[PDB]
K.L.:
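Got a structure here, written out as structure tokens. Questions coming.
Every heavy atom of this structure was used, including side-chain atoms; hydrogens, water molecules and symmetry mates were not. All chains are named by letter (A, B, ...) in the order of the sequence lines, taking the proteins before the strands, and each is independently numbered beginning at 1.
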Amino acid sequence: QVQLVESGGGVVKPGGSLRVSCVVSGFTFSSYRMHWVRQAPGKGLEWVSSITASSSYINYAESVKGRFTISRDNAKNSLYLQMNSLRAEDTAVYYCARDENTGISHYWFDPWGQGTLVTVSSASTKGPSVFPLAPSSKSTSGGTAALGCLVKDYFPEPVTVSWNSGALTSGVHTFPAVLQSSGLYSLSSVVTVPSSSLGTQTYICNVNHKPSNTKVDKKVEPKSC
Amino acid sequence: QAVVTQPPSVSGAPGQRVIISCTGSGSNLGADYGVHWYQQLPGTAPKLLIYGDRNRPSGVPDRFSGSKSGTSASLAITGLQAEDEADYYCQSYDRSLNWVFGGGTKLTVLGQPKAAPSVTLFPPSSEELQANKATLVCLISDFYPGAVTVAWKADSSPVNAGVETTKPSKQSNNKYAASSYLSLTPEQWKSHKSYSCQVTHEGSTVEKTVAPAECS
Amino acid sequence: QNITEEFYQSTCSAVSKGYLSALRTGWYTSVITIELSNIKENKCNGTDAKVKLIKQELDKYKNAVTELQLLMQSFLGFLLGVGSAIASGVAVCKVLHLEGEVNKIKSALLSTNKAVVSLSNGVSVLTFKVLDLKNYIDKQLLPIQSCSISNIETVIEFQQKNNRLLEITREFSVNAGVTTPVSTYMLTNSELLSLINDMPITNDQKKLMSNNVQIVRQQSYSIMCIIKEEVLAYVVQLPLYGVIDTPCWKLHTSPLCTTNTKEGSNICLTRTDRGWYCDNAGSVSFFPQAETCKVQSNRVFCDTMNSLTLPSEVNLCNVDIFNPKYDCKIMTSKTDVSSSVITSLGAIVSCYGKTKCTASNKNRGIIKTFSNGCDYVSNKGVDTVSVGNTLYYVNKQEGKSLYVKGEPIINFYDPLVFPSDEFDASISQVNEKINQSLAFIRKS
Amino acid sequence: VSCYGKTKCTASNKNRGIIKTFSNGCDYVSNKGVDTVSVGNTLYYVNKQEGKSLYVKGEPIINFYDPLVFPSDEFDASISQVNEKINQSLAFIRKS
């Protein structure tokens, strides 16, 4: 089965450098042209660069000429993209794809990889800001009362929250993070619990921040008004 | 030298027939270069639907067919199903720009009943107040058409500064979710009797009000 | 950094690698037109010296037109298969003989010298106008009629403007209407480049073709097609290189024999699969007639019409000839004669009998003497090798060569039960015959 | 078209593309509605001359031979020579 596996993606500051890789298997790597294609978050597809089977001819898009460099190594079945002087508009998922063609008019990309995300942000890694959101009379009664925690001012996207160490899974809804003009993220989670169970059921919001190892715990209980 | 254009969006009803168009110029399709289509699901990678203007790879359910003529190409889908909600791309070759891709057309299938949005307006937290800064949390969830306009109304004058709103996101129960954030100061929180977070859903308006304590 | 070579002593063969492919997989056809005049015999019964020259130049033109009108009137190379080289261009001309196809072309080229015309069968071809004799004759030579020439440069200008047509007519006449190497009279270099620039191919293919126009000419055709009304038309059939820039490697083989002192009693062996090898898509194209591949520096141009499709396992025959995955093809004999094979970066010497075999260079003379058997010498410090009465020059290409040692495989066979006159055999087939012969001799 | 082994053999059109796939054995296709045939990595254009063709059906003669006693390396042979070689090989098979 033909497989294209990309790797090497990560965060970097503007003007930095990065190198992505793609390792193939299941076909003769040295008989084909290879390509790089990127897609901005929420945007369309854009061809980046191509390289023939023996590196003889190389093409770049006009927006990356002079900054990117494509290469391959036929012995290790891998191709490379060296990115230099990164800009903000270079944030996207990068795919490696194999060329298919009929010789004269048709040229397409039949097999694609899975993608590797590259983020170019000037912000600096910071710890999350976790606060409690106790239920209130206005946000109570009805059928159930809802209560949750808030995470604020955290740069790295991958923030995970578990309430009872994974022992609570019903009524827990997580909302997507919001990108502020300052470049920091912030995401709030809410739980739905019975109004009559308020105080009898212990609620704790665990925030695990792997890029700054900030594994905090914050208990949400009603506090008068 | 040229560019390829595609309709931003298209809609249809189950069982019907929709058409997606791709328009080129004299350097892509007037220069005898073929058109090819790709389908992309919300979180997957692109996959080939049609190559050579009309050819179908093994695995496409024969419900997709395309044709090209002059500087125009079209993709036709018959028997629209609920699994066809995906982005569709057309790609060709240009004399100067080499491999080029269309803007992309997202297919939508109708049939989901309309449901009024639910709005929850959490107030500033007591711990949040201690940090000499407080932000009001407003949440929106369970609304079908993914277009809700959030305006923060404080007292009798709309407040726009410090308003951060996320885009709707498809949930596991096929319902969209949104959130709104309004940054304030501790003095401003207690200087104003009450705040409001109205949410508009295709005309329908549902809001809430929240004061410093409002408890008597 | 490109070309390397390896010599295998066990089989007496060498492999050259480091080359790049350009394989002709299809054809592209274009229509070239020349606009003619309808000059009829004029009276102009003059006696001037320049008028006579003009009359001679008009007679040449008319004779050429008449001749053009008369032209159209109502080892292992035996496994290849036969195709038809000019089928596509002939089909295009068969289309062009239809009712309105000449009128369509004529009316689509009056404003511009290049255009794309859609034929009645739906195919769109490039049509390109290279010469306009109608304009120069109808105007500026028969002004509205120059019956007394007042300038000599008119004669010279008309003679210059007429050479192209006469040369084209000559070339078509001595070839029955089909010229394989396309001359610069049929297509100038600028016209060929402009035509390559308009093909719907990628920029890599265009760069490959633009830098090797001399090979493109050598692999093209020109077909005399039609001359009706005031249009001359012929088709040019150009190569399409669908596969480019893949690795390619050449194989050289020489006979391998035993070295007994007695004149007879010696058995020989040879690999028959010498040629060019290129891998295009999950397999290998093999060209037994290495004469059919042009080489430019480290780029090989080959035509797939003269190839066989083989599995990728064929390469195992160079590493181990007794592998089970692929059965290697050999030839057996009983005649041992000395000879030499000049490889990419050296020479293979099979020196048998009483012949004298040596290698030399210009500064020091002989620097090696060969013994009986198969041997190899690199071109690093060798200029010539002499076998018997023959002298060879070695190629002076730059590259690295490697010598691989091993016992020749002809020593593993028993001469008593060895088959000899096997032209198209293989390892397994020889083993089967040996096994049958050896099993028969168990009589009791 | 002689298609043997694991090779992929087809016949195509300009307008409709592939219109036939060949199986193992020897076959024939007319040029009435065919433009090219591809065998392995090679492609051929067929002549487009006008005429009529006929297909004559019979059982290939290679199936009448026993592979055990079949001569295998012959260049200038004939039907009679192969038959007499087969007869000689088959006659020698006598036990005791």
K.L.:
Return the CD to OG1 distance between C:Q205 and A:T52, rounded to the nearest 0.5 Å.
P.N.:
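That separation rounds to 11.0 Å.
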K.L.:
Testing the basics here: between A:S30 and C:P247, what is the closest heavy-atom pair and its distance to 0.1 Å?
P.N.:
O-CD, 3.5 Å
K.L.:
For chain A, which candidate among C:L20, C:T202, C:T25 shows the most heavy-atom pairs at distances under 4.5 Å?
P.N.:
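Answer, by heavy-atom pair count under 4.5 Å with chain A: C:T202.
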K.L.:
Around atom NZ of C:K325, are there more than 12 heavy atoms of other residues, nucleotides or ligands at under 6.0 Å?
P.N.:
no
K.L.:
Considering only heavy atoms, which portion of A:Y107 lies under 4.5 Å from any heavy atom of chain C: side chain, backbone, both, or neither?
P.N.:
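Just its side chain gets close to chain C.
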K.L.:
At a heavy-atom separation under 4.5 Å, does C:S21 approach chain A through its side chain, its backbone, both, or neither?
P.N.:
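Neither part, no heavy atoms under 4.5 Å.
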K.L.:
Please report the closest heavy-atom contact between C:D279 and A:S31, naming both atoms and the distance.
P.N.:
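Looking at all heavy atoms of both residues, the shortest contact is OD2-OG, 3.2 Å.
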K.L.:
Do C:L208 and A:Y57 come close enough that some side-chain heavy atom pair is under 4.5 Å?
P.N.:
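Side chain of C:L208 against side chain of A:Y57, heavy atoms only: contact under 4.5 Å found.
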K.L.:
Mind listing the closest non-hydrogen atom pair of C:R299 and A:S56 along with its distance?
P.N.:
NH2-OG, 3.3 Å
K.L.:
Working to the nearest 0.5 angstrom, can you tell me the gap between C:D245 CG and A:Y32 OH?
P.N.:
15.0 Å
K.L.:
Is the CD atom of A:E89 crowded by more than 12 outside heavy atoms at less than 6.0 Å?
P.N.:
yes
K.L.:
Highest number of heavy-atom pairs under 4.5 Å with chain A: which of C:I244, C:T246, C:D204?
P.N.:
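Between C:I244, C:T246, C:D204, the count favours C:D204.
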K.L.:
Kindly check if the number of other-residue, nucleotide or ligand heavy atoms within 6.0 Å of CD (C:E6) is above 12?
P.N.:
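It does: C:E6 CD has more than 12 such atoms within range.
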K.L.:
Checking heavy atoms, do the side chain of C:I201, its backbone, both or neither come under 4.5 Å from chain A?
P.N.:
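Its backbone and side chain both get close to chain A.
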K.L.:
How about C:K400: does its NZ atom have over 12 heavy atoms from other parts shown lying under 6.0 Å from it?
P.N.:
no
K.L.:
Using every non-hydrogen atom in the two residues, find where C:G282 and A:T28 come nearest and quote the distance to one decimal.
P.N.:
CA-OG1, 4.2 Å
K.L.:
Answer with side chain, backbone, both or neither: which region of A:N59 has an atom nearer than 4.5 Å to a non-hydrogen atom of chain C?
P.N.:
side chain
K.L.:
Return the option, out of A:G103, A:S54, A:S55, with the maximum number of heavy-atom pairs under 4.5 Å with chain C.
P.N.:
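So the answer, after comparing A:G103, A:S54, A:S55, is A:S54.
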